[PDB]
Structures are given as C-alpha cells and as structure tokens.
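Colleague: One line per chain: the protein sequences are B and A, in this order. Quick note, the first sequence lines up with residues 1 to 174 if you use PDB author numbering. Quick note, the second sequence lines up with residues 230 to 260, 260A, 261 to 276 if you use PDB author numbering. Backbone N, C-alpha and C fix where the C-beta goes; we use that ideal spot for every residue, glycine too.
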Amino acid sequence: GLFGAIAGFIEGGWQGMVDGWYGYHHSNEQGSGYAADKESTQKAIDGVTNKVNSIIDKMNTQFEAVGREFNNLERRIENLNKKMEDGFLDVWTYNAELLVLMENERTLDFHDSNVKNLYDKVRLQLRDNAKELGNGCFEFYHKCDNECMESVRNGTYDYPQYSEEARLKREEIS
Amino acid sequence: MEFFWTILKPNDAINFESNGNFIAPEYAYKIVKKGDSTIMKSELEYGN
Ligand SMILES: *[C@@H]1O[C@H](CO)[C@@H](O[C@@H]2O[C@H](CO)[C@@H](O[C@@H]3O[C@H](CO)[C@@H](O)[C@H](O)[C@@H]3O)[C@H](O)[C@H]2NC(C)=O)[C@H](O)[C@H]1NC(C)=O
Ligand SMILES: *[C@@H]1O[C@H](CO)[C@@H](O)[C@H](O)[C@H]1NC(C)=O
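1. Could you tell me the distance, in whole angstroms, from the CA atom of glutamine 30 of chain B to the CA atom of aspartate 145 of chain B?
2. Would a C-beta distance cut-off of 9 Å place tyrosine 22 of chain B and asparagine 114 of chain B closer than the cut-off?
3. Please state the DSSP three-state secondary structure of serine 270 of chain A.
4. Could you give the DSSP three-state label for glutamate 69 of chain B: helix, strand or coil?
5. Within this structure, are the beta carbons of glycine 20 of chain B and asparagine 135 of chain B separated by less than 9 Å?
6. Just confirm the distance between the C-beta atoms of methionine 59 of chain B and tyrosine 34 of chain B, as a whole number of angstroms; I'd bet it's less than 8 Å.
7. May I ask which residues mark the beginning and end of the alpha helix (DSSP H) holding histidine 142 of chain B?
8. Please state whether DSSP places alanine 242 of chain A in a helix, a strand or coil.
9. Which same chain residues end up closer than 6 Å to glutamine 125 of chain B when comparing Cβ atoms and leaving out the 5 residues on each side of it in sequence?
10. Compute every distance between the C-beta of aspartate 86 of chain B and the non-hydrogen atoms of ligand 1, then say whether any falls below 8 Å.
11. Would you list the residues sitting across from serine 32 of chain B in a DSSP beta bridge?
12. Mind checking whether the beta-carbon of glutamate 150 of chain B lies closer than 8 Å to any heavy atom of ligand 2?
13. Evaluate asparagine 129 of chain B with the Cβ neighbour count: other Cβ atoms within 10 Å of its Cβ, from every protein chain shown; 16 or more gives buried, anything less gives exposed.
14. Return yes when at least one heavy atom of ligand 1 lies under 8 Å from the C-beta of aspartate 241 of chain A, else no.
15. Measuring CB to CB, does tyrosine 24 of chain B end up less than 9 Å from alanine 7 of chain B?
16. If contact is defined by three or more beta carbon pairs under 8 Å, each pair taking one atom from either stretch, is the region 77-91 of chain B in contact with the region 52-69 of chain B?
17. If you draw a straight line from the C-alpha of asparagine 154 of chain B to the C-alpha of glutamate 85 of chain B, how long is it?
18. Would you tell me roughly how many angstroms separate the C-alpha atoms of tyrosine 119 of chain B and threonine 41 of chain B, rounded to the nearest one?
19. For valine 122 of chain B, collect the residues of the same chain with a Cβ closer than 8 Å to its Cβ; drop the 5 residues on either side in sequence, then sort them by chain order.
20. Tell me whether the beta-carbon of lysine 116 of chain B lies closer than 9 Å to the beta-carbon of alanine 44 of chain B.
21. Kindly indicate which residue of A/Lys259, A/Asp264, A/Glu231 has the alpha-carbon position closest to the one of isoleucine 252 of chain A.
22. Does the Cβ of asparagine 146 of chain B lie closer than 8 Å to at least one heavy atom of ligand 2?
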C-alpha cells in the first residue's frame, strides 16, 4: 500500500459493508449503521471493468501455432520450425504474465487512492469541527441530526453556521 | 514403389506414356470446397 489508505490509517475492514466498496460509518444519537456513496464505488467499478476488458481486447492478436511436417531428410527446417513456434509461445506467455502481474498492482494501488481521497475530502470538509483520532474516525462538535451525516455523504458541507456552535465548543473545552 | 502426384487445373490435360514399370491412375480426386482445416495427431475417438 503505497498511498497507505489500506492498513496505515484504517487497518480494519468492514464486513457489514456489502452495499458497495467505499462508504461511511455513522455513530450518532439517531442510531448507527453503514451507508454508501455511489460516486466513489461506481468510478472504481467502471475503471476496473475497463481494465479487465482491456487485457482481453489487447490480447486479441496473438501467435497461433499451426502444424507443419517434414520427411526425415530435412531436420534443419524442422528444428527451425520447432524453435520458432515454441519461441513465440515463450514470448507471448511472458507478456501475458507480466501484464497480469503489473495490472494486479495497479488495481490494488488504484483502490488505495480512492479510499484515501475519500478520507481527504471528509477531513477537508470537517476541518476544525471534528478531531482526527487516527483510525479514520472524526468526532465533530455540533449536535445536529442524521441529515448532517447525509450532508457529509453528498459532499455538501456548508461551514459557516456549524462554525459558531463548534467554536462555542472549542472554548468550553479550553 | 515410388508414388507421385500433381494438381490438374481446369481445362488442362495430363498425358501419360510408358512401356513398363507404370502404375496408371484409376480414380481421380476432385477439389470441390476449399476452406481451413488441420491434420491433427491424436489417439482420441469420436465423442458425439
Ligand atoms: C480440353 O477440352 C476443351 C474443350 O473440349 C478444350 O477447350 C478448347 O478451348 C479453346 C479456347 O476457347 C477453343 O478454341 C475456340 O473454339 C471455339 C469453338 O470451337 C471456336 O469458335 C474459336 O474460334 C476457338 O477456336 C477450342 O475449340 C476448345 N476445344 C474444343 C471445344 O474441343 C481444351 O483446349 C482441352 N485441353 C487441352 C489441354 O487441349
Ligand atoms: C445530496 O447532494 C445534492 C448535491 O447537489 C443535493 O442536491 C441534495 O439535496 C443532497 N441530499 C439531501 C438529502 O440533502
């Protein structure tokens, strides 16, 4: 994990999250549960599916072995044909293995950024209102309803109004 | 016995002439359809 989002900050996955890939866990007065944001997991689905097709699409043109026979008096040509056919297979099996090996690393690293950037925007929206615990948890100050959690979920967090109540909560703990 | 073969194009003639050690052809092979096929080597049998 180069970006460090997987493990690092958040080292524990959510088994209860089956709706999508990336989501938010809310623990407020109005119960608790798991919810998903579509704009993040849909792009990952489209990107990965495009990658999967790209491996198949690019590998459409490949060497196709064909049978040739010789009459026991021309063995230099038979050896030449044998070394050419398996030589091309050796070249093509290396490209397929190398392509699979590299694209496996891409998908794991691509997923790192998406959850990392998902964390980055939530920190960038909450900012002073919440505190950073270390495992991805944010503890905000205002005593709003569950709709504010949805407001965080649609990426529409208006700052000013919530600042005054939070700054009254930054001065009572100080 | 050393057997030979050749391809006879349409509207073409092949002339045989010998006075011994000759093996005259009996049936000739038409080439109706030309496509793609392979002569594979295997000991398997038909599987329906
Ligand atoms: C195998 O037999 C065929 C047909 O029996 C031979 O075809 C020959 O083809 C030539 C060229 O078309 C013909 O010449 C022309 O014939 C027409 C009609 O007779 C005439 O009006 C023209 O002025 C011109 O002479 C030739 O007649 C024809 N042979 C025939 C019909 O017996 C073919 O040549 C034979 N294969 C070999 C290797 O000879
Ligand atoms: C979700 O975000 C969009 C962003 O334009 C907003 O229009 C919508 O009101 C949000 N959902 C709720 C329940 O406020």
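Modeller: Put simply:
1. 7 Å
2. Cβ atoms of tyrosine 22 of chain B and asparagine 114 of chain B: closer than 9 Å.
3. coil
4. Secondary structure of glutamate 69 of chain B (DSSP, three-state): coil.
5. no
6. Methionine 59 of chain B to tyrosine 34 of chain B, Cβ: 38 Å. No contact.
7. Element bounds for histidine 142 of chain B: n/a, residue is neither H nor E.
8. coil
9. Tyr157
10. Answer for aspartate 86 of chain B: no, Cβ out of range of ligand 1.
11. B/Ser27
12. yes
13. Buried.
14. yes
15. With contacts defined by Cβ atoms closer than 9 Å, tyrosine 24 of chain B and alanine 7 of chain B do not form a contacting pair.
16. yes
17. 57 Å
18. 14 Å
19. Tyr24, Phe138, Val152
20. no
21. A/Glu231
22. Every heavy atom of ligand 2 is 8 Å or more from the Cβ of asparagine 146 of chain B, so no.
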